[PDB]
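Heads up, the thing below is written out as structure tokens.
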Amino acid sequence: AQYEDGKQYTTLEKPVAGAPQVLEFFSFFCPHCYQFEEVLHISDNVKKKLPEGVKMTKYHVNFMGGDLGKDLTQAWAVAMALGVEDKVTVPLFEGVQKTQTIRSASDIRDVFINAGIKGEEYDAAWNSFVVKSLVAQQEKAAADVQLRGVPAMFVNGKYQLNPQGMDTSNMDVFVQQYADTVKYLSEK
């Protein structure tokens, strides 16, 4: 087969029922996640190759960065609750990995204030039970596969993308192979 388990993807021993059609996991501490966002635009390119209206979900993980890593999972829940993911993803990546100006929960909050979220609105969201529930959903999704590496993408809770077996000499060909694989898996 042109696509095979062990090469472009692997199959989960215990499939997850009720899973989103496309589920991505990342960490703001994760260097490959940085590239997936800022230089490869993986999520955008996968969306372009999937039918209109397909649900793509993206969750943050706790297992990198200790205390701040957990704070960033809660900040990501705030971003999802307010619908401001596109405004804060790049400044959070750059604050953690480029300028190294994110050292505390207050520094995370500053990124949202700078992106135009009002302080009263961020603080209300941060402390909300809606956001606590979103934190729990992110943790449970990772726990379902005891996820220990990012970036990770799962299709229909059955197939895991395997980018390690993908040619990296050309960044655009890599993105195309990744997206075409997601499309193949979604049609399985």
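The numbers in the deposited numbering rise by one with no breaks, and the one at position 11 of the sequence shown is 11.
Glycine residues also receive a C-beta, built at the ideal position from the N, C-alpha and C atoms.
For residue i, the first and last residue of its enclosing alpha helix (DSSP H)
i, result
"residue 78", "66–82"
"residue 41", "Run containing residue 41: none; DSSP gives neither H nor E here."
"residue 189", "Since the first residue of the chain shown is 1 and the last is 188, residue 189 is not available in this structure."
"residue 122", "119–126"
"residue 105", "105–114"
"residue 141", "129–143"
Spatial neighbours of residue i in its chain, beta-carbon cut-off 7 Å, leaving aside the 5 residues before and after
i, result
"residue 175", "40, 42, 45"
"residue 96", "28, 29, 102"
Nearest-angstrom Cβ-Cβ length linking residue i and residue j, presumed shorter than 8 Å
i, j, result
"residue 161", "residue 153", "4 Å"
"residue 15", "residue 157", "5 Å"
CB of residue i within 8 Å of CB of residue j, strictly
i, j, result
"residue 26", "residue 150", "yes"
"residue 125", "residue 82", "yes"
"residue 78", "residue 122", "yes"
"residue 165", "residue 21", "no"
"residue 182", "residue 98", "no"
"residue 91", "residue 61", "no"
"residue 23", "residue 73", "no"
"residue 108", "residue 142", "no"
"residue 63", "residue 148", "yes"
Nearest neighbour of residue i, chosen from the options [CA to CA]
i, options, result
"residue 65", "31, 110, 48, 87", "31"
"residue 132", "85, 71, 7", "71"
"residue 146", "6, 99, 12", "12"
"residue 85", "50, 104, 37", "37"
"residue 114", "88, 144, 188, 1", "88"
"residue 159", "187, 148, 138, 143", "187"
"residue 135", "63, 119, 59", "59"
"residue 155", "17, 6, 1", "17"
"residue 137", "1, 169, 19", "19"
Host beta strand (DSSP E) of residue i (start-end)
i, result
"residue 160", "159–161"
"residue 11", "9–11"
"residue 174", "No beta strand (DSSP E) contains residue 174, which is instead part of the alpha helix (DSSP H) from 171–186."
"residue 57", "56–60"
"residue 155", "152–155"
Cut-off 6 Å between Cβ atoms - residues of its own chain near residue i, not counting five sequence neighbours on either side
i, result
"residue 3", "184"
"residue 10", "160, 162"
Close Cβ partners of residue i (< 8 Å) along its chain, the five nearest in sequence each way excluded
i, result
"residue 180", "49"
"residue 167", "173, 174, 177"
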